[PDB]
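Worksheet: one structure, shown below.
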Amino acid sequence: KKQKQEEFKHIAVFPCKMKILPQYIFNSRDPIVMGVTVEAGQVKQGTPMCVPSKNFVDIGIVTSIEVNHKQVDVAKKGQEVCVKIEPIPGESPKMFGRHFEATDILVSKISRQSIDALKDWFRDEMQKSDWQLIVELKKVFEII
Amino acid sequence: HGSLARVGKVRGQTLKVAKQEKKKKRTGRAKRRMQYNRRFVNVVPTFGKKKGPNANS
Amino acid sequence: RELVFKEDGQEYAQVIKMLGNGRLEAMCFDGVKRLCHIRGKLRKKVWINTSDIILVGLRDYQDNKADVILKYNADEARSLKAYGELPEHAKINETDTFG
RNA sequence: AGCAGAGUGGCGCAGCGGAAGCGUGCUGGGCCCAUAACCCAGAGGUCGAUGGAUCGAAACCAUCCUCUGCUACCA
RNA sequence: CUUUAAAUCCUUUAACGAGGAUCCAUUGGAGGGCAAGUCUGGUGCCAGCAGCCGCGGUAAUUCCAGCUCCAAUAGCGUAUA
């Protein structure tokens, strides 16, 4: 089970709804280091991250999550955390205030294979509220 | 209908018709005697085409 | 004319990409991509276009191959979407015959 | 926190004093048994905005707005 | 009774031992090759048949069942050398 977690952990994108704090901004691009509250779901390291309000633009993948200078891997609902975001190589890096602003609600860019892995193998680790977030993002991401 | 991949549907939805209580057919030597009589004894001189043994016109 | 519905093993699907050799893949309304097949009554009589609502049969021993039964036109697809047999978030994209 | 490039028909673009255009796309008709090619017509323009230099602005200037590329400056 | 090391098996022989002689003969096939229904119901290119040609599209001489018929017969069908 631990080995299968170790191969298939790169595909499984955890659901999340996570909300920008105004003026808690510490970096703008490469990396993006920025203090954000987690409104719903849970954040895991390596998550592909995106902005729905600007035609599903991608900002990159996260690298390190810090809760008051402590490297904490899992950021759960109700916790105000600092997230370090690295842009995806090969694409244009994104700036703050031009491609996305503080009023945007940033969500995790889930995929259909991630949904399949969460439904088939990660049935234990997801809540009913997390499954509702999965369905809500699936209607947002227009995935049938 | 149901589905296109329903297995054994025509065997399962056909009507069941029971068997009929028929006389015991004699088997062995006297069956050949009946065959010989019906073929080469009761023959009638006909014309044109001879109908088959199962010609149910 | 009539409005045929689903059954205990028959569902609905929408065509994603048109495929050669008399087959296609269609997006079922359960989150599973299924490779459908064109019915032998549909091989030349009527055509199937991209992003159309169709009735699909299933196998009870596997879910990798499927088979298309019939095709819905625009007005009856809108009427069945209004009834509720189809999800509201499913984009029918106004499939129709042009002129 | 700030700089550079661009803003003209749905899309890309020429473009400067005596001048709303080009390729593609859309609609109607013809040609053909039908489609493409071809032929005949039409629709779609605040030339990003304001103000000035001017007899004469889409153009010369100043400012603002929007998009795309850049200084690396944080848990 | 006989056989045989002793039995069993066969032969002989008492007594019982059949009428719808229920003491009940199966295996394949019926379009052609290849002997034998353009019979009756059900499905409608679905289910299936088919060594090869081919048969099924809501009147199937080929599918699934009933009756009749055909080939060999205590035997018949299938796969491989």
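Residue numbering restarts at 1 for every chain of the structure tokens, chains are lettered A, B, ... in their displayed order, and ligands are numbered from 1 as they appear.
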Legend entry - Distance filter 10 Å, only C-alpha atoms (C1' of nucleotides), chain E against chain C, as JSON, numbers by chain: {"E": [45, 46, 57]}
Selected residues written out with N, CA and C atoms (P, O5', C5', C4', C3', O3' and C1' of nucleotides), as a PDB file, in the first residue's frame:
ATOM      1  P     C E  45     -32.753  -6.113 -36.025  1.00  0.00           P
ATOM      2  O5'   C E  45     -31.376  -6.883 -36.214  1.00  0.00           O
ATOM      3  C5'   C E  45     -31.076  -7.568 -37.422  1.00  0.00           C
ATOM      4  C4'   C E  45     -29.600  -7.841 -37.529  1.00  0.00           C
ATOM      5  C3'   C E  45     -28.727  -6.599 -37.680  1.00  0.00           C
ATOM      6  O3'   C E  45     -27.492  -6.804 -36.995  1.00  0.00           O
ATOM      7  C1'   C E  45     -28.397  -8.022 -39.530  1.00  0.00           C
ATOM      8  P     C E  46     -27.017  -5.755 -35.878  1.00  0.00           P
ATOM      9  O5'   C E  46     -27.695  -6.272 -34.534  1.00  0.00           O
ATOM     10  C5'   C E  46     -27.287  -7.487 -33.923  1.00  0.00           C
ATOM     11  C4'   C E  46     -28.107  -7.781 -32.692  1.00  0.00           C
ATOM     12  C3'   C E  46     -27.882  -9.137 -32.044  1.00  0.00           C
ATOM     13  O3'   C E  46     -26.765  -9.131 -31.172  1.00  0.00           O
ATOM     14  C1'   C E  46     -30.211  -8.696 -32.224  1.00  0.00           C
ATOM     15  P     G E  57     -34.312 -10.263 -41.897  1.00  0.00           P
ATOM     16  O5'   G E  57     -33.362  -9.113 -41.342  1.00  0.00           O
ATOM     17  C5'   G E  57     -33.747  -8.327 -40.219  1.00  0.00           C
ATOM     18  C4'   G E  57     -34.032  -6.890 -40.593  1.00  0.00           C
ATOM     19  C3'   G E  57     -35.191  -6.673 -41.567  1.00  0.00           C
ATOM     20  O3'   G E  57     -35.901  -5.486 -41.214  1.00  0.00           O
ATOM     21  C1'   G E  57     -33.209  -5.751 -42.470  1.00  0.00           C
TER      22        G E  57
END
Inset, instruction - Taking the chain letters and numbering used in this document, name the residues of stretch 3-137 of chain A that DSSP puts in helix (DSSP H, G or I), as a ChimeraX atom specification. - result: /A:3-8,52-54,112-120,128-137
Inset, instruction - May I ask you to extract the residues of chain A within 7 Å of chain D, using only C-alpha atoms (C1' of nucleotides), and to give them as an NGL selection string? - result: :A and (26-27 or 66 or 69 or 82)
For the selection you just gave me, I'd like the residues written to a file as a JSON list (two decimals), in the first residue's frame, keeping N, CA, C and O atoms.
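Okay, selection-v2.json is ready:
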[["chain", "number", "residue", "atom", "x", "y", "z"],
["A", 26, "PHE", "N", 4.09, 38.23, -0.61],
["A", 26, "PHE", "CA", 5.52, 38.24, -0.34],
["A", 26, "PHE", "C", 6.37, 38.04, -1.58],
["A", 26, "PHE", "O", 7.57, 38.35, -1.54],
["A", 27, "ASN", "N", 5.80, 37.53, -2.67],
["A", 27, "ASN", "CA", 6.52, 37.39, -3.93],
["A", 27, "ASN", "C", 5.51, 37.41, -5.06],
["A", 27, "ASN", "O", 4.32, 37.17, -4.84],
["A", 66, "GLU", "N", 4.24, 26.41, 4.33],
["A", 66, "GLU", "CA", 4.77, 26.79, 5.63],
["A", 66, "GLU", "C", 3.67, 27.40, 6.49],
["A", 66, "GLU", "O", 2.94, 28.29, 6.03],
["A", 69, "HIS", "N", 6.56, 29.55, 9.69],
["A", 69, "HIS", "CA", 7.94, 29.10, 9.49],
["A", 69, "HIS", "C", 8.16, 27.64, 9.83],
["A", 69, "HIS", "O", 9.29, 27.24, 10.15],
["A", 82, "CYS", "N", 1.27, 29.68, 4.38],
["A", 82, "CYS", "CA", 2.11, 30.31, 3.37],
["A", 82, "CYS", "C", 2.49, 29.27, 2.33],
["A", 82, "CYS", "O", 3.07, 28.23, 2.67]]
Legend entry - Spatial neighbours of residue A:23, max dist 12 Å, only C-alpha atoms (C1' of nucleotides), sep filter under 3 positions, as number ranges by chain: A: 20, 26-27, 34-36, 96-97, 101-103
Now that the selection is made, can you save its residues with N, CA, C and O atoms as a short mmCIF file (atom, residue, chain, number, x, y, z; two decimals), in the first residue's frame?
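File produced: result-v4.cif:
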data_model
loop_
_atom_site.label_atom_id
_atom_site.label_comp_id
_atom_site.auth_asym_id
_atom_site.auth_seq_id
_atom_site.Cartn_x
_atom_site.Cartn_y
_atom_site.Cartn_z
N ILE A 20 -7.36 33.93 -1.30
CA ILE A 20 -6.27 34.88 -1.15
C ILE A 20 -6.56 35.90 -0.06
O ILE A 20 -7.64 36.52 -0.04
N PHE A 26 4.09 38.23 -0.61
CA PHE A 26 5.52 38.24 -0.34
C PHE A 26 6.37 38.04 -1.58
O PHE A 26 7.57 38.35 -1.54
N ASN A 27 5.80 37.53 -2.67
CA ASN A 27 6.52 37.39 -3.93
C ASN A 27 5.51 37.41 -5.06
O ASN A 27 4.32 37.17 -4.84
N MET A 34 3.40 33.38 -0.86
CA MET A 34 2.20 34.18 -0.64
C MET A 34 1.34 33.52 0.43
O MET A 34 1.14 32.30 0.40
N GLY A 35 0.84 34.32 1.36
CA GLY A 35 0.10 33.79 2.50
C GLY A 35 -1.39 33.72 2.21
O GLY A 35 -2.05 34.74 2.02
N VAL A 36 -1.92 32.49 2.18
CA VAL A 36 -3.27 32.22 1.70
C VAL A 36 -4.00 31.36 2.73
O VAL A 36 -3.43 30.43 3.30
N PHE A 96 1.54 38.72 -10.65
CA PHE A 96 0.39 39.15 -9.86
C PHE A 96 -0.10 40.51 -10.33
O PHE A 96 0.69 41.39 -10.69
N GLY A 97 -1.42 40.69 -10.31
CA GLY A 97 -2.03 41.95 -10.65
C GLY A 97 -2.29 42.17 -12.12
O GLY A 97 -2.92 43.17 -12.48
N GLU A 101 -5.54 38.63 -9.60
CA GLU A 101 -5.50 39.62 -8.54
C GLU A 101 -5.91 38.98 -7.21
O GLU A 101 -6.11 37.77 -7.12
N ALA A 102 -6.01 39.83 -6.19
CA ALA A 102 -6.28 39.34 -4.84
C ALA A 102 -7.72 38.87 -4.66
O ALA A 102 -7.99 38.06 -3.76
N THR A 103 -8.65 39.35 -5.48
CA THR A 103 -10.06 38.99 -5.33
C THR A 103 -10.39 37.64 -5.96
O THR A 103 -11.53 37.18 -5.82
#
Inset, instruction - Please measure the separation of atom CA of residue C:24 and atom CA of residue C:37, giving the value in Å to one decimal. - result: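 Value for the atom CA of residue C:24-atom CA of residue C:37 distance: 6.1 Å.
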Legend entry - stretch 16-27 of chain D environment, 8 Å, only C-alpha atoms (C1' of nucleotides), sequence neighbours closer than 3 positions dropped, as a count of residues only: 8
Legend entry - atom CA of residue C:87 to atom CA of residue A:142, straight-line distance in Å: 12.5 Å
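Atom CA of residue A:55 is positioned 17.1 Å from atom CA of residue A:17.
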Give me, as JSON lines, each residue of chain C that comes within 8 Å of chain B, together with its shortest interatomic pair and the distance in Å at one decimal, counting only C-alpha atoms, with rows ordered by chain and rising residue number.
{"residue": "C:7", "atom": "CA", "partner": "B:2", "partner_atom": "CA", "distance": 6.9}
{"residue": "C:8", "atom": "CA", "partner": "B:2", "partner_atom": "CA", "distance": 7.7}
{"residue": "C:9", "atom": "CA", "partner": "B:3", "partner_atom": "CA", "distance": 7.2}
{"residue": "C:10", "atom": "CA", "partner": "B:3", "partner_atom": "CA", "distance": 6.8}
{"residue": "C:57", "atom": "CA", "partner": "B:3", "partner_atom": "CA", "distance": 5.6}
{"residue": "C:58", "atom": "CA", "partner": "B:3", "partner_atom": "CA", "distance": 6.8}
{"residue": "C:59", "atom": "CA", "partner": "B:5", "partner_atom": "CA", "distance": 5.9}
{"residue": "C:60", "atom": "CA", "partner": "B:5", "partner_atom": "CA", "distance": 8.0}
{"residue": "C:67", "atom": "CA", "partner": "B:4", "partner_atom": "CA", "distance": 7.4}
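Inside stretch 1-94 of chain C, the residues DSSP reads as strand (DSSP E) when given the backbone are residues 11, 12, 13, 14, 15, 16, 17, 18, 23, 24, 25, 26, 27, 28, 33, 34, 35, 36, 37, 53, 54, 55, 56, 57, 67, 68, 69, 70 and 71 of chain C.
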Inset, instruction - Report as a VMD selection string the set of chain B residues whose atoms approach chain E to within 12 Å, with distances computed over only C-alpha atoms (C1' of nucleotides). - result: chain B and resid 1 to 29 31 to 32 35 51 to 57
Export of the given selection (C-alpha atoms) as a PDB file, in the first residue's frame:
ATOM      1  CA  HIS B   1     -35.424  -4.920 -26.257  1.00  0.00           C
ATOM      2  CA  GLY B   2     -33.352  -4.559 -23.103  1.00  0.00           C
ATOM      3  CA  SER B   3     -29.864  -4.529 -24.607  1.00  0.00           C
ATOM      4  CA  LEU B   4     -27.971  -5.454 -27.754  1.00  0.00           C
ATOM      5  CA  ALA B   5     -25.637  -7.758 -25.783  1.00  0.00           C
ATOM      6  CA  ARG B   6     -28.318  -9.840 -24.058  1.00  0.00           C
ATOM      7  CA  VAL B   7     -27.073 -13.426 -24.200  1.00  0.00           C
ATOM      8  CA  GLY B   8     -29.496 -16.228 -25.073  1.00  0.00           C
ATOM      9  CA  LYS B   9     -32.514 -13.986 -25.547  1.00  0.00           C
ATOM     10  CA  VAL B  10     -34.237 -15.916 -28.352  1.00  0.00           C
ATOM     11  CA  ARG B  11     -33.908 -19.187 -26.436  1.00  0.00           C
ATOM     12  CA  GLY B  12     -35.347 -17.526 -23.331  1.00  0.00           C
ATOM     13  CA  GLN B  13     -38.327 -15.629 -24.747  1.00  0.00           C
ATOM     14  CA  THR B  14     -39.626 -18.220 -27.217  1.00  0.00           C
ATOM     15  CA  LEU B  15     -42.833 -20.039 -26.346  1.00  0.00           C
ATOM     16  CA  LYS B  16     -42.629 -23.487 -24.764  1.00  0.00           C
ATOM     17  CA  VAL B  17     -44.495 -26.168 -26.721  1.00  0.00           C
ATOM     18  CA  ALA B  18     -44.767 -29.531 -24.991  1.00  0.00           C
ATOM     19  CA  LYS B  19     -44.026 -32.910 -26.550  1.00  0.00           C
ATOM     20  CA  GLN B  20     -46.700 -35.246 -27.919  1.00  0.00           C
ATOM     21  CA  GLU B  21     -47.436 -38.795 -26.767  1.00  0.00           C
ATOM     22  CA  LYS B  22     -46.646 -40.764 -29.923  1.00  0.00           C
ATOM     23  CA  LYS B  23     -46.543 -44.472 -30.697  1.00  0.00           C
ATOM     24  CA  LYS B  24     -43.269 -46.361 -30.297  1.00  0.00           C
ATOM     25  CA  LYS B  25     -41.470 -46.499 -33.631  1.00  0.00           C
ATOM     26  CA  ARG B  26     -40.239 -50.018 -34.333  1.00  0.00           C
ATOM     27  CA  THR B  27     -36.457 -50.096 -34.725  1.00  0.00           C
ATOM     28  CA  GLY B  28     -34.150 -52.743 -36.133  1.00  0.00           C
ATOM     29  CA  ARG B  29     -35.102 -55.263 -38.799  1.00  0.00           C
ATOM     30  CA  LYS B  31     -38.055 -50.824 -39.885  1.00  0.00           C
ATOM     31  CA  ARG B  32     -36.173 -51.922 -43.005  1.00  0.00           C
ATOM     32  CA  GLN B  35     -39.028 -48.967 -45.679  1.00  0.00           C
ATOM     33  CA  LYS B  51     -42.968 -35.836 -54.977  1.00  0.00           C
ATOM     34  CA  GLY B  52     -40.618 -36.331 -52.053  1.00  0.00           C
ATOM     35  CA  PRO B  53     -41.370 -38.400 -48.949  1.00  0.00           C
ATOM     36  CA  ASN B  54     -41.848 -35.144 -46.997  1.00  0.00           C
ATOM     37  CA  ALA B  55     -43.682 -33.211 -49.745  1.00  0.00           C
ATOM     38  CA  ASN B  56     -46.381 -31.480 -47.695  1.00  0.00           C
ATOM     39  CA  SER B  57     -47.961 -29.420 -50.466  1.00  0.00           C
TER      40      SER B  57
END
Which residues of chain A sit at most 12 Å from chain C, using only C-alpha atoms? Give each one's shortest atom pair and distance in Å (one decimal place), in chain and ascending residue order, as a tab-separated table.
residue	atom	partner	partner_atom	distance
A:111	CA	C:31	CA	11.8
A:112	CA	C:31	CA	8.4
A:113	CA	C:31	CA	10.6
A:115	CA	C:31	CA	9.3
A:116	CA	C:31	CA	8.9
A:119	CA	C:31	CA	10.9
A:135	CA	C:31	CA	10.9
A:136	CA	C:89	CA	11.2
A:138	CA	C:31	CA	10.0
A:139	CA	C:89	CA	7.2
A:140	CA	C:89	CA	9.8
A:141	CA	C:89	CA	11.2
A:142	CA	C:89	CA	8.3
A:143	CA	C:31	CA	8.1
A:144	CA	C:31	CA	5.8
Inset, instruction - Could you give me, as a PyMOL selection string, the residues within 9 Å of stretch 129-133 of chain A, counting only C-alpha atoms (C1' of nucleotides) and dropping anything in the same chain fewer than 3 positions from it? - result: chain A and resi 14-17+40-42+126+136-138
Just-selected residues, N, CA, C and O atoms written as a PDB file, in the first residue's frame:
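This went into again15.pdb:
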ATOM      1  N   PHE A  14      -5.481  16.602  -4.891  1.00  0.00           N
ATOM      2  CA  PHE A  14      -6.481  16.715  -3.838  1.00  0.00           C
ATOM      3  C   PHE A  14      -7.386  17.921  -4.089  1.00  0.00           C
ATOM      4  O   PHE A  14      -6.913  18.971  -4.535  1.00  0.00           O
ATOM      5  N   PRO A  15      -8.688  17.798  -3.826  1.00  0.00           N
ATOM      6  CA  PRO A  15      -9.595  18.934  -4.026  1.00  0.00           C
ATOM      7  C   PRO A  15      -9.385  20.023  -2.987  1.00  0.00           C
ATOM      8  O   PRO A  15      -9.015  19.759  -1.841  1.00  0.00           O
ATOM      9  N   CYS A  16      -9.650  21.265  -3.400  1.00  0.00           N
ATOM     10  CA  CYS A  16      -9.408  22.409  -2.533  1.00  0.00           C
ATOM     11  C   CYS A  16     -10.195  23.623  -3.007  1.00  0.00           C
ATOM     12  O   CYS A  16     -10.423  23.797  -4.207  1.00  0.00           O
ATOM     13  N   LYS A  17     -10.610  24.448  -2.046  1.00  0.00           N
ATOM     14  CA  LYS A  17     -11.065  25.816  -2.287  1.00  0.00           C
ATOM     15  C   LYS A  17     -10.298  26.695  -1.308  1.00  0.00           C
ATOM     16  O   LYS A  17     -10.422  26.522  -0.091  1.00  0.00           O
ATOM     17  N   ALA A  40     -11.682  25.573   1.922  1.00  0.00           N
ATOM     18  CA  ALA A  40     -12.244  24.229   1.891  1.00  0.00           C
ATOM     19  C   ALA A  40     -11.222  23.275   1.293  1.00  0.00           C
ATOM     20  O   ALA A  40     -10.314  23.684   0.564  1.00  0.00           O
ATOM     21  N   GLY A  41     -11.388  21.995   1.606  1.00  0.00           N
ATOM     22  CA  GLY A  41     -10.479  20.979   1.124  1.00  0.00           C
ATOM     23  C   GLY A  41      -9.144  21.010   1.845  1.00  0.00           C
ATOM     24  O   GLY A  41      -8.959  21.675   2.867  1.00  0.00           O
ATOM     25  N   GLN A  42      -8.193  20.267   1.285  1.00  0.00           N
ATOM     26  CA  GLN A  42      -6.861  20.163   1.861  1.00  0.00           C
ATOM     27  C   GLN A  42      -5.815  20.236   0.760  1.00  0.00           C
ATOM     28  O   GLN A  42      -6.010  19.693  -0.331  1.00  0.00           O
ATOM     29  N   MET A 126     -10.919  10.604   1.481  1.00  0.00           N
ATOM     30  CA  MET A 126     -11.750  11.733   1.083  1.00  0.00           C
ATOM     31  C   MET A 126     -13.046  11.769   1.882  1.00  0.00           C
ATOM     32  O   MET A 126     -13.687  10.736   2.099  1.00  0.00           O
ATOM     33  N   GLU A 136     -18.334  19.703  -7.543  1.00  0.00           N
ATOM     34  CA  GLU A 136     -18.499  21.124  -7.848  1.00  0.00           C
ATOM     35  C   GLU A 136     -17.415  21.626  -8.797  1.00  0.00           C
ATOM     36  O   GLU A 136     -17.707  22.343  -9.760  1.00  0.00           O
ATOM     37  N   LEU A 137     -16.161  21.227  -8.560  1.00  0.00           N
ATOM     38  CA  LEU A 137     -15.081  21.588  -9.472  1.00  0.00           C
ATOM     39  C   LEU A 137     -15.232  20.889 -10.817  1.00  0.00           C
ATOM     40  O   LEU A 137     -14.833  21.434 -11.852  1.00  0.00           O
ATOM     41  N   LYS A 138     -15.810  19.682 -10.820  1.00  0.00           N
ATOM     42  CA  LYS A 138     -16.026  18.954 -12.066  1.00  0.00           C
ATOM     43  C   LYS A 138     -17.077  19.639 -12.933  1.00  0.00           C
ATOM     44  O   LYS A 138     -16.969  19.640 -14.165  1.00  0.00           O
TER      45      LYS A 138
END
Inset, instruction - For stretch 87-94 of chain A, work out the shell of residues within 9 Å, counting only C-alpha atoms (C1' of nucleotides) and skipping chain neighbours fewer than 5 positions away, then give it as a PyMOL selection string. - result: chain A and resi 28-32+48+58-62+99-100
With N, CA, C and O atoms retained, could you export that selection as a PDB file, in the first residue's frame?
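The resulting part-v1.pdb:
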ATOM      1  N   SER A  28       5.986  37.696  -6.275  1.00  0.00           N
ATOM      2  CA  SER A  28       5.086  37.847  -7.412  1.00  0.00           C
ATOM      3  C   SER A  28       5.271  36.786  -8.489  1.00  0.00           C
ATOM      4  O   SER A  28       4.271  36.349  -9.074  1.00  0.00           O
ATOM      5  N   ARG A  29       6.506  36.367  -8.772  1.00  0.00           N
ATOM      6  CA  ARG A  29       6.758  35.408  -9.844  1.00  0.00           C
ATOM      7  C   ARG A  29       8.104  34.735  -9.624  1.00  0.00           C
ATOM      8  O   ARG A  29       9.092  35.416  -9.328  1.00  0.00           O
ATOM      9  N   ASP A  30       8.133  33.401  -9.786  1.00  0.00           N
ATOM     10  CA  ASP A  30       9.318  32.545  -9.837  1.00  0.00           C
ATOM     11  C   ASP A  30      10.233  32.686  -8.622  1.00  0.00           C
ATOM     12  O   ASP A  30      11.305  33.295  -8.728  1.00  0.00           O
ATOM     13  N   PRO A  31       9.852  32.155  -7.449  1.00  0.00           N
ATOM     14  CA  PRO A  31       8.603  31.473  -7.105  1.00  0.00           C
ATOM     15  C   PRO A  31       7.521  32.464  -6.701  1.00  0.00           C
ATOM     16  O   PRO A  31       7.790  33.661  -6.629  1.00  0.00           O
ATOM     17  N   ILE A  32       6.310  31.978  -6.459  1.00  0.00           N
ATOM     18  CA  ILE A  32       5.267  32.807  -5.867  1.00  0.00           C
ATOM     19  C   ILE A  32       5.106  32.385  -4.412  1.00  0.00           C
ATOM     20  O   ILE A  32       4.590  31.300  -4.124  1.00  0.00           O
ATOM     21  N   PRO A  48      -1.087  20.837  -8.915  1.00  0.00           N
ATOM     22  CA  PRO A  48      -1.288  21.822  -9.984  1.00  0.00           C
ATOM     23  C   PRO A  48      -2.407  22.786  -9.625  1.00  0.00           C
ATOM     24  O   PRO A  48      -3.469  22.393  -9.133  1.00  0.00           O
ATOM     25  N   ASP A  58      -3.350  28.700 -15.738  1.00  0.00           N
ATOM     26  CA  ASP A  58      -2.590  27.928 -14.765  1.00  0.00           C
ATOM     27  C   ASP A  58      -1.437  28.763 -14.223  1.00  0.00           C
ATOM     28  O   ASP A  58      -0.746  29.449 -14.984  1.00  0.00           O
ATOM     29  N   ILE A  59      -1.238  28.710 -12.909  1.00  0.00           N
ATOM     30  CA  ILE A  59      -0.171  29.480 -12.278  1.00  0.00           C
ATOM     31  C   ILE A  59       1.053  28.617 -11.991  1.00  0.00           C
ATOM     32  O   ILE A  59       2.170  29.132 -11.902  1.00  0.00           O
ATOM     33  N   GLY A  60       0.880  27.311 -11.845  1.00  0.00           N
ATOM     34  CA  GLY A  60       2.012  26.435 -11.632  1.00  0.00           C
ATOM     35  C   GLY A  60       1.705  25.387 -10.580  1.00  0.00           C
ATOM     36  O   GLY A  60       0.558  25.189 -10.185  1.00  0.00           O
ATOM     37  N   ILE A  61       2.769  24.716 -10.143  1.00  0.00           N
ATOM     38  CA  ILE A  61       2.701  23.669  -9.131  1.00  0.00           C
ATOM     39  C   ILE A  61       3.360  24.171  -7.854  1.00  0.00           C
ATOM     40  O   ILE A  61       4.347  24.915  -7.901  1.00  0.00           O
ATOM     41  N   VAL A  62       2.810  23.766  -6.709  1.00  0.00           N
ATOM     42  CA  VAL A  62       3.339  24.218  -5.428  1.00  0.00           C
ATOM     43  C   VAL A  62       4.585  23.416  -5.079  1.00  0.00           C
ATOM     44  O   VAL A  62       4.811  22.322  -5.614  1.00  0.00           O
ATOM     45  N   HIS A  99      -2.414  38.924 -14.571  1.00  0.00           N
ATOM     46  CA  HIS A  99      -3.138  37.707 -14.908  1.00  0.00           C
ATOM     47  C   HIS A  99      -4.114  37.285 -13.823  1.00  0.00           C
ATOM     48  O   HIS A  99      -5.123  36.641 -14.127  1.00  0.00           O
ATOM     49  N   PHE A 100      -3.835  37.632 -12.569  1.00  0.00           N
ATOM     50  CA  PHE A 100      -4.723  37.321 -11.459  1.00  0.00           C
ATOM     51  C   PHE A 100      -4.491  38.343 -10.357  1.00  0.00           C
ATOM     52  O   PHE A 100      -3.382  38.863 -10.206  1.00  0.00           O
TER      53      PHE A 100
END
